[PDB]
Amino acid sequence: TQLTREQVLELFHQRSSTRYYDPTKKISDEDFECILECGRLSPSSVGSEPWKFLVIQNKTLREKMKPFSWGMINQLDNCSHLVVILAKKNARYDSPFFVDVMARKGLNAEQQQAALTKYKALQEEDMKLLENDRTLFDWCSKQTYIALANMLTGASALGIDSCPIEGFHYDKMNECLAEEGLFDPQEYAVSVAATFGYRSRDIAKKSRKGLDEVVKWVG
């Protein structure tokens, strides 16, 4: 809630991508719903919250993922928890989805007419999102990477390890989770995944480009 600079830097050095989990250690129900709160509470362009979290604990569905999920093939066998983050498809400014967003903010017919104009200008001319489905979807998916990041960091502050995952066939992952009836494929699609658990190896050392290469100061 309040940390020193030393405690902050150590929080982000200690967070590593964990490829090897101890299958004997499970995350408690309490710890993991806290990790999920970190995602839920995440900021979100125009409060859109365009995410759904699938917690994949069924072991046979994990096995069914392995043939197309080379980026996590062994982690699927040993991680405590697997989260697949979906992102909202077709989140147009004039959609029922954004009517839900305005309703959660209590906007009158006037404030709605102002908000929709702002949504429209953000989507249509600021960010050029309405070119095709993929560009609008990728806008929501970006918001979900905020939720992903916060879940990795909250987990690590709880002493729980994690690993973000893009290494899988996205079309096959979308099909397989839709055929289990886990989400409506016209409404949502897979954005990114993450495993969680307790590492079985030492933390690898951070390798990054230096601060002088990634930062540019304009005084």
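Position 1 is the first residue in the sequence shown; the rest follow in order.
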Higher-B stretch (mean Cα B-factor, as the entry records it), 193 to 201 or 9 to 17: 9 to 17
Selected stretch [higher average CA B-factor]: 120 to 128 or 104 to 112: 104 to 112
Residue with highest C-alpha B-factor in the PDB entry, from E49, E180, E166, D161: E180
Chain-relative CA temperature factor third for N150: lowest
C38 - which third its CA temperature factor falls in, relative to the rest of the chain: lowest
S45 - Cα temperature factor, lowest/middle/highest third of chain: lowest
Chain thirds of CA B-factor: placement of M173: lowest
Chain third (lowest, middle, highest) by recorded CA B-factor, residue given as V214: middle
